[PDB]
Amino acid sequence: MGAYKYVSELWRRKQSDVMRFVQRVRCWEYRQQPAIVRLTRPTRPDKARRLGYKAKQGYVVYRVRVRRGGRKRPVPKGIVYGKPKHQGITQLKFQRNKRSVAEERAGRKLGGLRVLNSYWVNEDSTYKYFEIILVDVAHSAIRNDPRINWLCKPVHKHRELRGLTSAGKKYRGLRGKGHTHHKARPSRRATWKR
Amino acid sequence: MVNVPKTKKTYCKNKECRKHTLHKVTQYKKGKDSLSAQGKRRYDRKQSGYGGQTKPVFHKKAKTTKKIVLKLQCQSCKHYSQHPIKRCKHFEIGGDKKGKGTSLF
Amino acid sequence: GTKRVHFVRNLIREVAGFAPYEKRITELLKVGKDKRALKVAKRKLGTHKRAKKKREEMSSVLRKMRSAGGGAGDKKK
Amino acid sequence: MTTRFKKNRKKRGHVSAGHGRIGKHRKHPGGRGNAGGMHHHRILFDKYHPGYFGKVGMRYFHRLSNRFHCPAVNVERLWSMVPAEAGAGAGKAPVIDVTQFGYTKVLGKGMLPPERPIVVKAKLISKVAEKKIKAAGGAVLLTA
Amino acid sequence: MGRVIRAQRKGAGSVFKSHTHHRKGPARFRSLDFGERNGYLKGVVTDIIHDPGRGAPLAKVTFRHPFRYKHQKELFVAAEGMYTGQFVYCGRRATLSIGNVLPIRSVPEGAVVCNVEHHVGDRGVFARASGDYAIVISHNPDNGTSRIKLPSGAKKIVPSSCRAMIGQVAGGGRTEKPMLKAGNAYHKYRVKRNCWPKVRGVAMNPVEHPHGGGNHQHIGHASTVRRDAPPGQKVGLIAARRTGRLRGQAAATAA
RNA sequence: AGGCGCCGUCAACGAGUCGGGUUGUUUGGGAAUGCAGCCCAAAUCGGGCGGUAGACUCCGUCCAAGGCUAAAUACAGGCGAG
RNA sequence: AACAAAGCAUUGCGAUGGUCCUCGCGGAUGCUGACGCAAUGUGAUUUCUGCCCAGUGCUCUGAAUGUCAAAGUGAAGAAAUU
RNA sequence: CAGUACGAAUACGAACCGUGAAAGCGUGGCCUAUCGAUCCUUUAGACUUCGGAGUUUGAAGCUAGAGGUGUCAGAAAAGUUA
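These residue numbers run from 1 along each chain by written sequence and may not equal the entry numbers. Residues without coordinates are not shown. Chains carry letters from A onward and ligands carry numbers from 1 onward, assigned in written order. In this view, a larger assembly is represented only partially, and all stated values concern the represented chains. In computing side-chain values, all of the structure's heavy atoms are included and hydrogens and water are not. Residues with missing side-chain atoms are left out of burial classes, side-chain pairs and their counts.

As stated in the entry header, the method of structure determination is cryo-EM and the reported resolution is 34.00 Å.

See the structure below:
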């Protein structure tokens, strides 16, 4: 279909044509703006329009800024204390992805709202940038819309945190189905190790 | 150390002759590589940088003492054999020649 | 006359056709980026070399937005 | 002596293969392979048990040969045939019958001892180079 | 391995710090509005007050000029010869008199200066401590560079826009005379950032230092220790160029 | 509006994704589990999978980078009872 | 008789100091500046402090020759592997 | 080693040669017997095998010999504590 295809086609090509110029220029902004930024426009309406975007009250879009690299593990210079299969500080990298951390940060600050989904809005050389959709549960317009009232249900509070986001399903291995998928579905704690 | 001719006559093991013919002697090493082996189990199993059981490369090691260390390669068929245990060191070869007898000079 | 010799939009179209034919075949030997060097390298190396270097930059792409949108349009009729 | 870890003996079944000795089957590699995937099963029964249960097998029709002497498709006499890839007839101990056995594989000294007038029959899947040429026809049975 | 060697204790902590509250105030050189041939910054020294944070004196200067923002004040670094009732001039057409501050460009070559900037408007870095001074060797009308020799003898290339004060710092010769009470050393330590008294490394038992241990006291290993060495290891003569008394010079130093 | 039959035909099909390397973690998962991190990087009748990698017709299956969704399972038990 | 001490030596440090704490921000350096700060040796005075750079440590210059990783790069080559 | 492995011997047969007149002798050193598993790697020979077909590449493997273990029936490996 429509106009939404072109910007989607652009954003493939982060490095090329108009998109490397315009988004490297918006990083002059992105470095300046905080690790909470609420904005009133999605940067990608295409991938808003395909992760759940309707303009309608209770909807916010927000940019989150997350550091690049792994994780560094306490205590350095009072170090463990244990045998070296378990010594690791920068060597280990989190097995949550940088996208999920952004989901957590966002849902903590906007505590009355619940993360729907999220997307990628670039990286420079130490920050990785995401824009995240959080959707009010508590207001009538979300409730009287049957495309987005499934979020309202009390079971769905703090869903980013319990890994029920799309990002949270993907790092949990739930992308496949079949062969393989056998240690991920229904849960990484699932059999209790019986 | 040893005179061993590089060029000898011997029986074949192999099933295309299964009789006696001329054979060529050579000392052998290569190693592998392209990685499917122990080398892989190590690459993966590093696992905190641990070479671990990739060392039995040491003790500081040393006692010296072998067996014959050969492959004798046919110069008339390409089928050709390695030999069984008895006790050498060290080993000389070159193209032989000879421990020549006899000397007046 | 020159460039190339010769023709113009059909020649852009041959080159534009040769480029997925070069690209799908790199994709069917993985990566992309080293095979895009190898698939080009294991070959004569002139017209393809310049054409490959621009696709490994930045690139085309307003024109790419123009051609893909027409092909998408004309495979959506 | 005891703490059952000084006279006991020892704790876990080791010192047993390495350096003390007896027991398990011990010191392993050795073949390993094929995986859990392209694997078993071929169901196999010797022709003497179909000869047990010829006379009492009165769900299998007798035909050209006398009433004891039955055509019987062995695929529909073998328990756990349906989860097996194929049903094979093995050749041990006599046949004293004038049978006609249908199989998905048969031994060469599996036809030969019941040569005693027989028709030994391949099912279509015995080949197994037979034409599932998109088409139609033959099938494998299904049951618990 | 060991209990932590004192050199990590620098680290952070109330014991390693100076009494920073006690220090008298910031003595930054007033970034001139503009002009300054006499008196859009005119000062009178009214007082000369000791600085505990460096042990040499400041001169209390007022400084009274207007605008809004206007900024004025306060206790500028003393030079030798500054007295109550002397005029201080701070800027580009200040008189070349001891105690006045102006950019190096305005200073005549061969004049001893103190409180010299690294970078323009940082207000003044080099030549600070008691009786020290930089010497401005070269300028020329140097659009590009003013060459100054710091008290160690290193020749530093600085932007001519860097301001300095004419004269050498007050309190010279402080170093000459011996403390001659342990107690004099003690109070002098209390004021500054330092854990004193210091026990020798050799004196301790092994856990406390690389030097420690051994029936008789002695450094078990060679004293001079690695640039590569980590903190805790790096003690003694760190990466020493030479040792023992003979055959060197002062630092020479190229550009 | 929905269904069936006939008629052509087809678009809501989701990009730093698929994919490769560098370094790790984890897994029964082995060249072949799943995930993290740095670098690179497609196509759009085209693509993805089938337990190492590369031609074909295909064969056989399936359309990711989106979502929701009742019931059945658990509860070394707040709360009621045997 | 041990430690400290004042006194005597080497060494690192040109500032966003080197050095200590810290993932980091930052801090401690220092709101100080080589007559200063750290790191160390020895230990009032008085007379003095010889010879050794082979080993070990450390440091210097290396625009040139044997060794010296990865990547990008070249060769065989469908890859990759050498 | 009285039943326990590698080793070693004491003989054969099968294949295959020599010398020798040949009968025979010749299964390493006058005799009394003179050393190394296990993964891996190495090669040898032929053959087996890696999950739609089809085709190259390697892999996996049987059987046998050589590369470390003298802590010699098989650990990857320095001291002090007053």
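After that view of the structure, there is still more to cover.
Peer 1: Describe in detail the overall build of chain D, supporting the description with residues and values.
Peer 2: Per the secondary structure count, chain D includes two helices and six strands. Segments assigned H or I by DSSP are reported as helices when at least four residues long, segments assigned E as strands when at least two residues long, and all are numbered from the N terminus. When the helices and strands of chain D are read in sequence order from the N terminus, they spell out β-α-β-β-β-β-α-β. Radius of gyration here uses only the C-alpha atoms, and the compact-globule reference equals 2.2 Å multiplied by the residue count raised to the power 0.38. For chain D, whose C-alpha radius of gyration is 24 Å, the value lies well above the compact-globule estimate of 15 Å for 144 residues. In terms of its C-alpha atoms, chain D occupies a principal-axis envelope of roughly 80 × 40 × 30 Å. Residues count as neighbours in contact if any of their non-hydrogen atoms are within 4.5 Å of one another. Taking all contacts inside chain D whose residues are at least 6 apart in sequence as the whole, residues at least 24 apart take part in 53%.

Peer 1: I'd like a description of the protein's contact with RNA strand F, backed by residues and values.
Peer 2: Residues are counted as near a molecule or strand when any one of their heavy atoms sits within 4 Å of it. Looking at RNA strand F, there are 60 residues lining it, with A:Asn97, A:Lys98, C:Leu29, C:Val31 and C:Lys33 nearest. Of what RNA strand F places within 4 Å of the protein, 79% of the atoms are sugar or phosphate. In the model, a sugar or linking oxygen of RNA strand F is placed 3.0 Å from a nitrogen or oxygen of the A:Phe94 main chain. Between N or O atoms, a polar contact is any pair within 3.5 Å; within protein, one atom must be a potential hydrogen donor and the other a potential acceptor, and residues adjacent in sequence are included only when both atoms are from side chains. Here B:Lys40 contributes a side-chain N or O atom positioned 2.6 Å from a phosphate oxygen of RNA strand F. Among the elements of the structure, α1 (4-12), α4 (98-109), β3 (113-123) and α6 (166-170) of chain A, α1 (38-45) of chain B together with α1 (9-27) and α2 (33-41) of chain C are those that each provide at least two residues to the surface near RNA strand F. Amino acids outside the nonpolar list (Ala, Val, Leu, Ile, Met, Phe, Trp, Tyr, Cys, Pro) and the charged list (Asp, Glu, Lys, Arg) are all regarded as polar, and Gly is one of them. Residue composition of the surface near RNA strand F, grouped by class: 13 nonpolar, 15 polar and 32 charged.

Peer 1: Before we move on, can you summarise the sheet that holds strand β1 (residues 42-46) of chain D with the specific residues and values?
Peer 2: All names here are of chain D. In short, DSSP must find at least two bridges between two strands for them to pair. The three strands are arranged β1-β3-β5 in an open sheet whose pairing can be described as parallel. Because the sheet does not close on itself, it has two edges, and the strands there are β1 and β5 (105-106). Sheet topology places strand β3 (residues 86-90) next to β5; two bridges connect them, and they run parallel. Directly across from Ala 88, in β5, lies its bridge partner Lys 105.

Peer 1: Tell me about the pairing of strand β8 (residues 146-149) of chain E, and name the residues and values.
Peer 2: Residue and element names in this part refer to chain E. Type-normalised accessible area, obtained with a 1.4 Å probe on protein chains alone, sets the label of each residue: buried when under 20%, exposed when over 50%, and partly exposed for intermediate values. Of the two faces of β8, the one lined by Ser 146 and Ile 148 is fully buried and the one lined by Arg 147 and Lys 149 carries no buried residue. Relative to β8, strand β7 (residues 134-138) is paired through three bridges, and the arrangement is antiparallel. Along β8, the bridge assignment pairs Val 136 with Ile 148. Inspection of the sheet shows β8 paired to strand β9 (residues 155-158) by four bridges, in the antiparallel sense. The residue bridging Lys 149 from the neighbouring strand is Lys 155, located in β9.

Peer 1: Let's hear about the packing of aromatic side chains: which residues, and what values?
Peer 2: Aromatic pairs are defined between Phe, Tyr and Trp rings, using the six-membered ring for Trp, whenever the two ring centres lie within 6.5 Å; interplanar angles under 30 degrees are classed as stacked, those over 60 as edge-to-face, and all others as tilted. Tallied over the full model, the rule gives twelve aromatic pairs over all chains. An angle of 70° between the planes, with centres 6.0 Å apart, marks the rings of D:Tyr48 and D:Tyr52 as edge-to-face. Of this pair, D:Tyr48 and D:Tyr52 both sit in helix α1 (residues 48-52), four residues apart, roughly one helical turn. Classification of D:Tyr48 as partly exposed rests on a relative accessible area of 32%. Aromatic side chains E:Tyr40 and E:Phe67 sit 4.8 Å apart centroid to centroid with 55° between the ring planes, which places their arrangement in the tilted category. Here E:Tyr40, found in the loop between α1 (6-9) and β1 (42-51), pairs with E:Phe67, found in the loop between β2 (56-62) and β3 (75-77); they are 27 residues apart in sequence, far enough to count as distant. Chaining the aromatic ring pairs together yields one cluster made of A:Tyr30, A:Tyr127 and A:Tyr129. Only when the NZ of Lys or the CZ of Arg is both within 6 Å of the ring centre and within 35 degrees of the ring normal is a charge said to sit over the ring. Above the ring of B:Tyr28, the side-chain terminus of B:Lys71 is found at 4.7 Å from the ring centroid. When the ring centre of E:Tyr189 is taken as reference, the NZ or CZ atom of E:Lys188 above it lies at 3.7 Å.

Peer 1: Residue-level account of the side chain of E:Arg163, with values.
Peer 2: Residue and element names in this part refer to chain E. Turning to its location among the elements, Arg 163 is positioned in strand β10 (residues 163-166). The buried category is assigned to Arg 163, whose relative accessible area is 7%. A polar side-chain atom of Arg 163 sits 3.2 Å from the main-chain carbonyl oxygen of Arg 123. Setting aside residues no more than four positions away along its own chain, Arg 163 makes contact with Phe 29, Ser 31, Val 101, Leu 102, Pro 103, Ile 104, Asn 115, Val 116, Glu 117, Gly 121 and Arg 123.

Peer 1: A description of a positive patch on the surface should follow, citing residues and the corresponding values.
Peer 2: Residues and elements named next belong to chain A. Exposure above 30% relative accessible area and the absence of a salt bridge qualify a residue for a patch, where like charges join within 9 Å and nonpolar side chains (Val, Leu, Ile, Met, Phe, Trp, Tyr) within 5 Å. The Shrake-Rupley method, run with a 1.4 Å probe, gives the accessible areas here. Residue values count only the displayed protein chains as cover. Salt bridge, as used here, is a side-chain nitrogen of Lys or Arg placed within 4 Å of a carboxyl oxygen of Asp or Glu. Residues scored as positive are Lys and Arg, those scored as negative are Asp and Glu, and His as well as the terminal groups of each chain are ignored. Where a charge sits is defined by one atom per residue type, namely NZ (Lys), CZ (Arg), CG (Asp) or CD (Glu). Taken together, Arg 67, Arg 68, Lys 72, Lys 98 and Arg 105 make up a surface patch of like positive charges. By the element assignment, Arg 68 lies in the loop between β2 (59-67) and α4. On the basis of relative accessible area, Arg 68 is assigned to the partly exposed category, the value being 37%.

Peer 1: Give me the lowdown on the arrangement of the chains, citing residues and values where you can.
Peer 2: Contacts between protein chains span three pairs of chains, and they are most numerous for chains A and C. Spatially, chain B is disjoint from chain C: no contact exists, and the shortest C-alpha separation is 19 Å. Separating chain C from chain E is a minimum C-alpha gap of 38 Å, and the two share no contact.

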